[PDB]
Protein chains: 4
Amino acid sequence: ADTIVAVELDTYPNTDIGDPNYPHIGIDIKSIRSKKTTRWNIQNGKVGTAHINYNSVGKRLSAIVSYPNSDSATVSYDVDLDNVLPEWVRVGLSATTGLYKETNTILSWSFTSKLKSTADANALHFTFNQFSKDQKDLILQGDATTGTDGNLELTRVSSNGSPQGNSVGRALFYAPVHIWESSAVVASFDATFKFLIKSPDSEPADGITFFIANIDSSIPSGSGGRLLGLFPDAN
Amino acid sequence: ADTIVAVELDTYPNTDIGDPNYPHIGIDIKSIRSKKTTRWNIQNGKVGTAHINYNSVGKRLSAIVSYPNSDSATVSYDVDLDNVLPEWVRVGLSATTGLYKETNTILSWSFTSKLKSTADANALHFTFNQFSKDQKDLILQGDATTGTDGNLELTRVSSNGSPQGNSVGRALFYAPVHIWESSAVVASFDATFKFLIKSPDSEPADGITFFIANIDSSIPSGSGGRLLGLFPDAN
Amino acid sequence: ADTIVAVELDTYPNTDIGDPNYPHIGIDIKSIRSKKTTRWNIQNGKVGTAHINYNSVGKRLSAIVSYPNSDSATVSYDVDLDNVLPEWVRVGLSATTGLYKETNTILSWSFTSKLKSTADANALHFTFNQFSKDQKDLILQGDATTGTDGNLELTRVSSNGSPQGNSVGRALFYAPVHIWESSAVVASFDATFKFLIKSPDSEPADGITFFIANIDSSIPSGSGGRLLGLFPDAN
Amino acid sequence: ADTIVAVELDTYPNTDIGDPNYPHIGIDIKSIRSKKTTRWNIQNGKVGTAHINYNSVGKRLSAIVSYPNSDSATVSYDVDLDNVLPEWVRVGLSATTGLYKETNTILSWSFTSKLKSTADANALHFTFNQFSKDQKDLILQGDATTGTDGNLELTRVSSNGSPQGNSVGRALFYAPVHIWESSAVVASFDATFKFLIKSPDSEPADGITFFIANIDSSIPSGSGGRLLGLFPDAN
Ligand SMILES: CO[C@H]1O[C@H](CO)[C@@H](O)[C@H](O)[C@@H]1O
Ligand SMILES: CO[C@H]1O[C@H](CO)[C@@H](O)[C@H](O)[C@@H]1O
Ligand SMILES: CO[C@H]1O[C@H](CO)[C@@H](O)[C@H](O)[C@@H]1O
Ligand SMILES: CO[C@H]1O[C@H](CO)[C@@H](O)[C@H](O)[C@@H]1O
Ligand SMILES: [Ca+2]
Ligand SMILES: [Ca+2]
Ligand SMILES: [Ca+2]
Ligand SMILES: [Ca+2]
Ligand SMILES: [Mn+2]
Ligand SMILES: [Mn+2]
Ligand SMILES: [Mn+2]
Ligand SMILES: [Mn+2]
């Protein structure tokens, strides 16, 4: 089955499957049940920015989410990604809606990956500060589309700008990413994306994710709403 | 047919199809007949480095090739790549052998591409300082292989290290590259690679190329030897 | 005397000292009389962005200035900066006002410099996306201040936000920049800055400059208004 | 007094002041007595590479040191550098010798620093892959010299290539570095350097350091040998 590592911007408390009782950011290691969460004060309709960082020396996967002028939310978890993920992965963003909804709009997305073994590390770096209708270097899955106002729309939003329920969508970068190998000395990656989460009715759902998966990964069956498009069950 | 822009490290004078009468670097715009060439003193069996640069403001495509301690060879040509290439391309290295031969060994390859329209340019950057036997982010065509001594071998070299005749090989980066669009303000790219050209008998052939092509490009039929794997005829 | 290379955003036609009869961008090589100019439609009070690029292979210094949704203005000039500038320089922004005025406000400023001689080039890169009141890595000269709304104010603006006449100001990066040497193979630099030019009365003056100078350079006497803070006379 | 954070490549066991009884890498937080050490198998006369990384989200300062083909040594320590260092610092390398000696030769040194508050982080990046006799962007202190074989020699080495006793030397980058501020959201830095440690007699001393200090820092009196040029006492 897929091997998934993710940072989840979890907008909807699913307390029956281990969510804390408040919107949160979490680190997910091959399970929707986050290994660590921090309370996240989502600001409806504002543009937020997420930064994620890892290196094989410290073996600490960190994420921070912030809005303008507001306090940040940070979460970290000590995990040896070398032992967890395959040597070759694809990187991506995912989002879902359920009975409740939200725009899962991505305004920009940047990613850097380095793999060392003399400074001769191998590196991959990409930055989308703007998305075009034909984004050939993105693999779109599910309901995700590109082009609308130069944005990446992970979940189904009707033409009026209203978000739809029970949507799922993902975008993976086209090239595969080399994140470890047998001989490896140091590896590190770094990811950032700006997002816009708007929900009209009382509360939004279900969230946005930055994730790392085996190269052939696609939306698992049953992965909607609270499973953020990454996992088939809630184990 | 393919749309090809290339910088050729032309090791073998094909004077009957417009080569100058000496090894040369050239800028090729949709023809093997270089728009501009400079004399290039190849040093058999040495490691050389090539740097290529372009931006849409100056509209000048430049290349320099150098060996340690030795004088460099530089060539430039004013060309509006916006008007010449498609908006989406793939980037690559090619090499051939003919009746004469050479190792077309690539030790490293780095590439940067930026596309602007606030500093929010889109960017792609990759660096192979080392090639592994399974290089999933490279599309190998023809006789090109990866892994041997951490190198990219574009043309057929027998296990002993001897180069074979009438070989052709190319490697293109897996992700497509966005190099222009309708709205574009500025675009630029930058490429560098280290290569090792060894030939035992008197003189080598045929050369190495860095090239930019339509995404679906493959080795055209009839493109061996003097056509460096890029062109079907010598027009 | 100082050795100055600059890209000038010349907002005020000084036709008596060789300006064209319209606001323009220009390339200045040790003289205020631009070696090449392009017509520039300044948009009062809008945020514009300038990109400048050079490399020692093509020997073509280019600049582009653009505003949102509007056509760009581009200018290029073939010049061998190796032969023109000293091996060690400082890089900076300058601006002036005269009898007419303008805000010469800098919102961001990024600069990259590379010097090569194996990919072992030397490099300097800095980015100010925000300026703080105590910007210790900037050398402020003349009327330039830092901090106001996170901006760099090159020329005197009164506390109300109104620009003052006969101001001059420059900011140079604190570290010296190594842009060539005897052994050099390739060198290149790249600079970008976002600026805000507002003038209330009919027309603004005098302009903004990105420049490269000998390390000890300061505002020459007599360099105000039309001499943009770079040159003592109009030769 | 100076505020010092450093990663020490400690070649000589000073067990009387808390060193483990073997050469080690350590993380030093305002004391020569390392907060954490790892055993380091130094290879006399080989070229080694050190990588150091920190970010304000994970608050984990990591270092790895490796030689070709050999196992690496890694060390980490959870420390909130925001609370420890001043907002403005200088970054540098230091080295010493004592009764025993070693070449403290630096072949290359690269450093990246980012400070965020939209992707508009402030950044400083420099890379010396080669040092020239007149390195104007380095502040040399003590016995450190630049130019010899394109290398940075931190401690006194006689013209023959033999290392001298009771030497001390440091090099700091010329520009000050902005590593935090009141408004800050995220900060991170990253440093790498290649070094050559050769000692003829039985064992070398005393070590090499990458350090971060208040901008005006200089070699404290009494800081030789085992105090690696950073600290006046061994507290
Ligand atoms: C009733 O719950 C549904 O709606 C919530 C919120 O959208 C989801 O978390 C969940 O998976 C279901 O799809
Ligand atoms: C006889 O010519 C052949 O050999 C030379 C040198 O290899 C090639 O340039 C050419 O295309 C042919 O294949
Ligand atoms: C009368 O001219 C003055 O004003 C213009 C416009 O500001 C400047 O160009 C010039 O140098 C003088 O200072
Ligand atoms: C006797 O000790 C001296 O020599 C060792 C090894 O060089 C140093 O650690 C120490 O500071 C002294 O200078
Ligand atoms: Ca949830
Ligand atoms: Ca030829
Ligand atoms: Ca003028
Ligand atoms: Ca010691
Ligand atoms: Mn959750
Ligand atoms: Mn040719
Ligand atoms: Mn002018
Ligand atoms: Mn120690």
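Numbered from 1 within each chain, the chains take letters A, B, ... in sequence-line order. Hydrogens, waters and symmetry mates play no part in the numbers below; they use all other heavy atoms, side chains included.
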Which N or O donor-acceptor pairs, by atom type, sit under 3.5 Å across chain C and chain B?
unit_1    : atom_1 : unit_2    : atom_2 : d
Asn53(C)  : OD1    : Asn55(B)  : ND2    : 2.5
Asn55(C)  : ND2    : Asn53(B)  : OD1    : 2.5
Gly58(C)  : N      : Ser62(B)  : OG     : 3.4
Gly58(C)  : O      : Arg60(B)  : NH1    : 2.7
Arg60(C)  : NH1    : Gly58(B)  : O      : 2.7
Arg60(C)  : NH1    : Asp78(B)  : OD1    : 3.1
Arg60(C)  : NH2    : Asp78(B)  : OD2    : 3.2
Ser62(C)  : OG     : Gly58(B)  : N      : 3.4
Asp78(C)  : OD1    : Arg60(B)  : NH1    : 3.1
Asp78(C)  : OD2    : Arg60(B)  : NH2    : 3.2
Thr118(C) : O      : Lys194(B) : NZ     : 3.3
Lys194(C) : NZ     : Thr118(B) : O      : 3.3

Discussion item. Test of understanding: with ring pair (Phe, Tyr, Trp, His ring centres under 6.0 Å), list the residues that count as partners of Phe131(B), not counting sequence neighbours.
Written reply: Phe128(B)
Worksheet, complete the sentence: In terms of heavy-atom contacts, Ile64(C) and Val185(B) come closest through CD1-O, 3.4 Å
Fill in: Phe231(B): partners by ring pair (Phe, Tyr, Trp, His ring centres under 6.0 Å), with sequence neighbours left out
none
